[PDB]
file entry-v8.txt (compact mmCIF, N, CA, C and O atoms)
# COMPACT_ATOMS: atom_id res chain seq x y z
N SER Q 215 0.82 -1.20 0.00
CA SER Q 215 0.00 0.00 0.00
C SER Q 215 0.86 1.26 0.00
O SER Q 215 1.97 1.26 -0.53
N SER Q 216 0.33 2.33 0.59
CA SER Q 216 1.10 3.54 0.81
C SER Q 216 2.17 3.25 1.85
O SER Q 216 3.24 3.87 1.86
N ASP Q 217 1.87 2.29 2.73
CA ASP Q 217 2.79 1.90 3.80
C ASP Q 217 4.05 1.25 3.23
O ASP Q 217 5.17 1.55 3.67
N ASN Q 218 3.88 0.37 2.25
CA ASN Q 218 5.01 -0.35 1.67
C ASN Q 218 5.97 0.56 0.93
O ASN Q 218 7.16 0.26 0.81
N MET Q 219 5.46 1.67 0.41
CA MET Q 219 6.32 2.69 -0.17
C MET Q 219 7.16 3.35 0.92
O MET Q 219 8.36 3.58 0.72
N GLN Q 220 6.53 3.66 2.05
CA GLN Q 220 7.27 4.24 3.18
C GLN Q 220 8.35 3.29 3.68
O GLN Q 220 9.43 3.72 4.07
N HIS Q 221 8.07 2.00 3.65
CA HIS Q 221 9.05 1.01 4.07
C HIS Q 221 10.22 0.93 3.08
O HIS Q 221 11.37 0.86 3.49
N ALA Q 222 9.92 0.96 1.79
CA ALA Q 222 10.98 0.91 0.78
C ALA Q 222 11.84 2.15 0.88
O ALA Q 222 13.07 2.09 0.75
N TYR Q 223 11.20 3.28 1.13
CA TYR Q 223 11.90 4.54 1.30
C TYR Q 223 12.83 4.50 2.51
O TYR Q 223 13.99 4.89 2.43
N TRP Q 224 12.32 4.01 3.63
CA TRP Q 224 13.11 3.90 4.85
C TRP Q 224 14.34 3.02 4.62
O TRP Q 224 15.45 3.36 5.04
N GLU Q 225 14.13 1.88 3.97
CA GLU Q 225 15.23 0.95 3.72
C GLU Q 225 16.28 1.55 2.80
O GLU Q 225 17.48 1.31 2.96
N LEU Q 226 15.82 2.35 1.84
CA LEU Q 226 16.73 3.05 0.94
C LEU Q 226 17.60 4.08 1.68
O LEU Q 226 18.82 4.14 1.49
N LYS Q 227 16.97 4.87 2.56
CA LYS Q 227 17.71 5.81 3.40
C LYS Q 227 18.70 5.06 4.29
O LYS Q 227 19.84 5.51 4.49
N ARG Q 228 18.27 3.92 4.81
CA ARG Q 228 19.10 3.11 5.69
C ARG Q 228 20.36 2.64 4.95
O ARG Q 228 21.47 2.69 5.49
N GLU Q 229 20.20 2.23 3.70
CA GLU Q 229 21.33 1.77 2.90
C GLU Q 229 22.27 2.92 2.55
O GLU Q 229 23.49 2.73 2.49
N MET Q 230 21.73 4.12 2.34
CA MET Q 230 22.56 5.30 2.11
C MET Q 230 23.51 5.55 3.28
O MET Q 230 24.65 5.93 3.08
N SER Q 231 23.03 5.33 4.50
CA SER Q 231 23.87 5.47 5.69
C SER Q 231 25.02 4.47 5.64
O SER Q 231 26.15 4.78 6.04
N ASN Q 232 24.74 3.25 5.15
CA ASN Q 232 25.81 2.26 5.01
C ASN Q 232 26.83 2.68 3.97
O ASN Q 232 28.02 2.41 4.11
N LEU Q 233 26.36 3.34 2.92
CA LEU Q 233 27.24 3.84 1.87
C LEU Q 233 28.12 4.99 2.39
O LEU Q 233 29.31 5.02 2.13
N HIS Q 234 27.53 5.92 3.14
CA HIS Q 234 28.31 6.98 3.78
C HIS Q 234 29.38 6.35 4.65
O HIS Q 234 30.54 6.79 4.65
N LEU Q 235 29.01 5.32 5.41
CA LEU Q 235 29.95 4.73 6.35
C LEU Q 235 31.13 4.04 5.66
O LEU Q 235 32.28 4.26 6.03
N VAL Q 236 30.85 3.22 4.65
CA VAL Q 236 31.95 2.51 3.99
C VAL Q 236 32.89 3.49 3.30
O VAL Q 236 34.10 3.26 3.22
N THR Q 237 32.34 4.61 2.84
CA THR Q 237 33.14 5.67 2.23
C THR Q 237 34.00 6.37 3.27
O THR Q 237 35.17 6.70 3.02
N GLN Q 238 33.45 6.58 4.46
CA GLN Q 238 34.25 7.19 5.52
C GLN Q 238 35.32 6.25 6.03
O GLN Q 238 36.42 6.69 6.37
N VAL Q 239 35.03 4.95 6.05
CA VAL Q 239 36.05 3.96 6.39
C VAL Q 239 37.18 4.02 5.36
O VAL Q 239 38.36 3.98 5.72
N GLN Q 240 36.84 4.11 4.08
CA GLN Q 240 37.86 4.21 3.04
C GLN Q 240 38.73 5.46 3.20
O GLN Q 240 39.95 5.40 3.04
N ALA Q 241 38.11 6.59 3.54
CA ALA Q 241 38.85 7.84 3.78
C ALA Q 241 39.83 7.66 4.92
O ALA Q 241 41.00 8.07 4.84
N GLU Q 242 39.37 7.05 6.00
CA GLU Q 242 40.21 6.81 7.17
C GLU Q 242 41.36 5.88 6.81
O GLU Q 242 42.52 6.08 7.22
N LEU Q 243 41.04 4.85 6.04
CA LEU Q 243 42.03 3.85 5.65
C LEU Q 243 43.16 4.47 4.84
O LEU Q 243 44.34 4.20 5.08
N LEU Q 244 42.81 5.33 3.89
CA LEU Q 244 43.82 6.05 3.12
C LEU Q 244 44.74 6.87 4.02
O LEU Q 244 45.93 7.00 3.74
N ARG Q 245 44.17 7.42 5.09
CA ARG Q 245 44.95 8.21 6.04
C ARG Q 245 45.92 7.34 6.84
O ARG Q 245 46.93 7.83 7.34
N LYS Q 246 45.60 6.06 6.96
CA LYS Q 246 46.34 5.15 7.83
C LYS Q 246 47.31 4.21 7.11
O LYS Q 246 48.03 3.44 7.75
N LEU Q 247 47.34 4.27 5.79
CA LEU Q 247 48.22 3.40 5.02
C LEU Q 247 49.68 3.75 5.26
O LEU Q 247 50.03 4.91 5.49
N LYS Q 248 50.53 2.73 5.21
CA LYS Q 248 51.97 2.94 5.17
C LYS Q 248 52.34 3.87 4.03
O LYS Q 248 51.65 3.93 3.00
N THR Q 249 53.43 4.61 4.20
CA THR Q 249 53.96 5.42 3.12
C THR Q 249 55.42 5.07 2.93
O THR Q 249 56.02 4.43 3.79
N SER Q 250 55.98 5.48 1.80
CA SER Q 250 57.40 5.28 1.54
C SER Q 250 57.87 6.23 0.46
O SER Q 250 59.01 6.71 0.49
N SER I 679 -1.34 7.89 -7.77
CA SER I 679 -1.00 7.52 -9.14
C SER I 679 -0.50 6.08 -9.20
O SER I 679 0.61 5.80 -9.66
N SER I 680 -1.37 5.17 -8.75
CA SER I 680 -1.00 3.79 -8.40
C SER I 680 -0.12 2.97 -9.36
O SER I 680 0.61 2.09 -8.91
N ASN I 681 -0.17 3.23 -10.66
CA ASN I 681 0.72 2.51 -11.58
C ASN I 681 2.13 3.08 -11.56
O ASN I 681 3.12 2.34 -11.67
N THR I 682 2.22 4.39 -11.42
CA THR I 682 3.51 5.07 -11.33
C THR I 682 4.08 4.88 -9.93
O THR I 682 5.29 4.81 -9.75
N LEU I 683 3.19 4.75 -8.94
CA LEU I 683 3.62 4.55 -7.56
C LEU I 683 4.14 3.13 -7.27
O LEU I 683 5.09 2.97 -6.50
N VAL I 684 3.53 2.12 -7.87
CA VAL I 684 4.02 0.75 -7.71
C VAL I 684 5.45 0.68 -8.23
O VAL I 684 6.33 0.09 -7.59
N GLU I 685 5.69 1.32 -9.37
CA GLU I 685 7.03 1.36 -9.95
C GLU I 685 8.00 2.19 -9.11
O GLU I 685 9.20 1.94 -9.13
N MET I 686 7.48 3.17 -8.37
CA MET I 686 8.32 3.93 -7.44
C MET I 686 8.78 3.04 -6.30
O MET I 686 9.96 3.05 -5.92
N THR I 687 7.85 2.27 -5.74
CA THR I 687 8.17 1.33 -4.67
C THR I 687 9.20 0.30 -5.12
O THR I 687 10.22 0.09 -4.44
N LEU I 688 8.95 -0.33 -6.26
CA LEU I 688 9.87 -1.32 -6.80
C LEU I 688 11.20 -0.67 -7.21
O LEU I 688 12.26 -1.29 -7.10
N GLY I 689 11.13 0.58 -7.65
CA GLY I 689 12.31 1.33 -8.02
C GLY I 689 13.21 1.58 -6.82
O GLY I 689 14.43 1.43 -6.90
N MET I 690 12.58 1.94 -5.70
CA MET I 690 13.32 2.17 -4.46
C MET I 690 13.92 0.88 -3.92
O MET I 690 15.02 0.88 -3.36
N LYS I 691 13.22 -0.23 -4.13
CA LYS I 691 13.70 -1.55 -3.73
C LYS I 691 14.94 -1.92 -4.54
O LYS I 691 15.95 -2.38 -3.99
N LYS I 692 14.87 -1.71 -5.85
CA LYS I 692 16.00 -2.02 -6.71
C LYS I 692 17.21 -1.14 -6.41
O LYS I 692 18.35 -1.63 -6.37
N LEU I 693 16.98 0.16 -6.19
CA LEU I 693 18.09 1.05 -5.83
C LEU I 693 18.78 0.59 -4.56
O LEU I 693 20.01 0.63 -4.46
N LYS I 694 18.00 0.15 -3.58
CA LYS I 694 18.57 -0.32 -2.31
C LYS I 694 19.47 -1.52 -2.55
O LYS I 694 20.56 -1.60 -2.00
N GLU I 695 19.00 -2.46 -3.37
CA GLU I 695 19.76 -3.66 -3.66
C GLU I 695 21.05 -3.34 -4.40
O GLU I 695 22.11 -3.91 -4.12
N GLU I 696 20.96 -2.42 -5.36
CA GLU I 696 22.17 -2.00 -6.07
C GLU I 696 23.16 -1.34 -5.13
O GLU I 696 24.36 -1.59 -5.20
N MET I 697 22.65 -0.49 -4.24
CA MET I 697 23.49 0.20 -3.26
C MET I 697 24.19 -0.81 -2.36
O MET I 697 25.37 -0.64 -2.03
N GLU I 698 23.46 -1.84 -1.95
CA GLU I 698 24.02 -2.93 -1.15
C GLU I 698 25.21 -3.55 -1.85
O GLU I 698 26.23 -3.85 -1.22
N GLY I 699 25.07 -3.78 -3.15
CA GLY I 699 26.12 -4.39 -3.94
C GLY I 699 27.34 -3.51 -4.00
O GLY I 699 28.48 -3.99 -3.90
N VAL I 700 27.13 -2.20 -4.15
CA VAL I 700 28.24 -1.26 -4.18
C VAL I 700 28.95 -1.23 -2.83
O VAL I 700 30.18 -1.23 -2.78
N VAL I 701 28.19 -1.21 -1.75
CA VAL I 701 28.79 -1.19 -0.41
C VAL I 701 29.68 -2.42 -0.21
O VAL I 701 30.79 -2.31 0.31
N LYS I 702 29.21 -3.58 -0.65
CA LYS I 702 29.94 -4.83 -0.51
C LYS I 702 31.25 -4.75 -1.29
O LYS I 702 32.31 -5.17 -0.80
N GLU I 703 31.20 -4.21 -2.50
CA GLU I 703 32.40 -4.12 -3.30
C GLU I 703 33.39 -3.10 -2.75
O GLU I 703 34.60 -3.34 -2.77
N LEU I 704 32.89 -1.98 -2.24
CA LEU I 704 33.76 -0.98 -1.62
C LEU I 704 34.43 -1.55 -0.37
O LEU I 704 35.60 -1.26 -0.12
N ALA I 705 33.72 -2.39 0.37
CA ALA I 705 34.31 -3.02 1.55
C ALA I 705 35.39 -4.01 1.13
O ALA I 705 36.39 -4.17 1.82
N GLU I 706 35.19 -4.69 0.00
CA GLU I 706 36.22 -5.61 -0.49
C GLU I 706 37.45 -4.83 -0.93
O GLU I 706 38.58 -5.26 -0.71
N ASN I 707 37.23 -3.66 -1.54
CA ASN I 707 38.34 -2.80 -1.92
C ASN I 707 39.10 -2.34 -0.69
O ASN I 707 40.33 -2.29 -0.68
N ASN I 708 38.36 -1.98 0.36
CA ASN I 708 38.96 -1.55 1.62
C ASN I 708 39.82 -2.64 2.22
O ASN I 708 40.89 -2.36 2.76
N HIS I 709 39.37 -3.89 2.12
CA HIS I 709 40.13 -5.02 2.66
C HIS I 709 41.47 -5.18 1.94
O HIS I 709 42.49 -5.44 2.57
N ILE I 710 41.46 -5.03 0.62
CA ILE I 710 42.69 -5.08 -0.17
C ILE I 710 43.64 -3.97 0.30
O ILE I 710 44.84 -4.21 0.50
N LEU I 711 43.10 -2.77 0.48
CA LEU I 711 43.94 -1.63 0.87
C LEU I 711 44.50 -1.81 2.26
O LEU I 711 45.67 -1.51 2.49
N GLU I 712 43.69 -2.30 3.18
CA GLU I 712 44.07 -2.53 4.58
C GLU I 712 45.25 -3.49 4.69
O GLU I 712 46.11 -3.35 5.55
N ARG I 713 45.27 -4.50 3.82
CA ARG I 713 46.33 -5.50 3.86
C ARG I 713 47.56 -5.11 3.04
O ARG I 713 48.69 -5.42 3.43
N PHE I 714 47.35 -4.45 1.91
CA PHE I 714 48.42 -4.33 0.91
C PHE I 714 48.73 -2.92 0.43
O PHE I 714 49.69 -2.71 -0.30
N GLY I 715 47.92 -1.95 0.83
CA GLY I 715 48.06 -0.63 0.26
C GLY I 715 49.17 0.21 0.86
O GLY I 715 49.51 0.08 2.03
N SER I 716 49.73 1.10 0.05
CA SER I 716 50.60 2.15 0.55
C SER I 716 50.51 3.35 -0.37
O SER I 716 50.01 3.25 -1.50
N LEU I 717 50.97 4.49 0.13
CA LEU I 717 51.02 5.71 -0.67
C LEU I 717 52.47 6.10 -0.78
O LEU I 717 53.20 6.14 0.21
N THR I 718 52.91 6.38 -2.00
CA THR I 718 54.31 6.67 -2.22
C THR I 718 54.43 7.75 -3.28
O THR I 718 53.61 7.80 -4.20
N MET I 719 55.42 8.61 -3.11
CA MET I 719 55.67 9.74 -3.98
C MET I 719 55.74 9.27 -5.43
O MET I 719 55.23 9.93 -6.33
N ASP I 720 56.37 8.11 -5.63
CA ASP I 720 56.42 7.50 -6.95
C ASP I 720 55.75 6.12 -7.01
O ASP I 720 56.31 5.17 -7.56
N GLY I 721 54.57 6.03 -6.42
CA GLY I 721 53.68 4.90 -6.64
C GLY I 721 52.75 5.25 -7.79
O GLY I 721 53.13 6.01 -8.68
N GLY I 722 51.55 4.69 -7.78
CA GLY I 722 50.56 5.00 -8.81
C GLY I 722 50.63 4.09 -10.03
O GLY I 722 51.25 3.03 -9.97
N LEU I 723 49.99 4.50 -11.12
CA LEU I 723 50.06 3.74 -12.37
C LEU I 723 51.45 3.74 -12.98
O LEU I 723 51.89 4.74 -13.54
N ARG I 724 52.14 2.61 -12.87
CA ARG I 724 53.41 2.42 -13.55
C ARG I 724 53.34 1.19 -14.44
O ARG I 724 53.19 0.07 -13.96

call {"tool": "encode", "arguments": {"input": "entry-v8.txt", "output": "structure tokens"}}
result
Amino acid sequence: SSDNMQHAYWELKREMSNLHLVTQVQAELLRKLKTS
Amino acid sequence: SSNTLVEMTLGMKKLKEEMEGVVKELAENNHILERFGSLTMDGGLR
């Protein structure tokens, strides 16, 4: 119904948070790599 | 607009699944970097 659209929307926003996080982990990782 | 709305719901479902796939691949890239990566003045594409 209208409810299932709200649920799909919520899950989509939820996944965006996971995308922000893995990107921030990658940023941190680049900062922490060995250099030479 | 129930025909356009059903496709919006399914569209949002598909986007979520695609995003999941990207997150998984970015995490795999991160794992490679965590184990083997370095930054060097003369690293890069050689």

call {"tool": "residues_around", "arguments": {"input": "entry-v8.txt", "residues": "residue 703 in chain I", "least_positions_apart": "6", "cutoff": "10 Å", "atoms": "only C-alpha atoms", "output": "ChimeraX atom specification"}}
result
/Q:236 /I:697,709

call {"tool": "interface_residues", "arguments": {"input": "entry-v8.txt", "of": "chain I", "to": "chain Q", "cutoff": "8 Å", "atoms": "only C-alpha atoms", "output": "VMD selection string"}}
result
chain I and resid 686 to 688 690 to 691 693 to 694 697 to 698 700 to 701 704 to 705 708 711 to 712 715 to 719

call {"tool": "select_by_dssp", "arguments": {"input": "entry-v8.txt", "residues": "chain I", "states": "helix (DSSP H, G or I)", "output": "ChimeraX atom specification"}}
result
/I:680-714

call {"tool": "atom_distance", "arguments": {"input": "entry-v8.txt", "atom1": "CA of residue 684 in chain I", "atom2": "CA of residue 217 in chain Q"}}
result
11.6 Å

call {"tool": "atom_distance", "arguments": {"input": "entry-v8.txt", "atom1": "CA of residue 242 in chain Q", "atom2": "atom N of residue 722 in chain I"}}
result
18.9 Å

call {"tool": "axis_aligned_box", "arguments": {"input": "entry-v8.txt", "around": "range 224-238 of chain Q", "padding_each_side": "6 Å", "output": "AutoDock Vina command-line options"}}
result
--center_x 24.4 --center_y 4.1 --center_z 3.7 --size_x 36.1 --size_y 18.2 --size_z 17.4
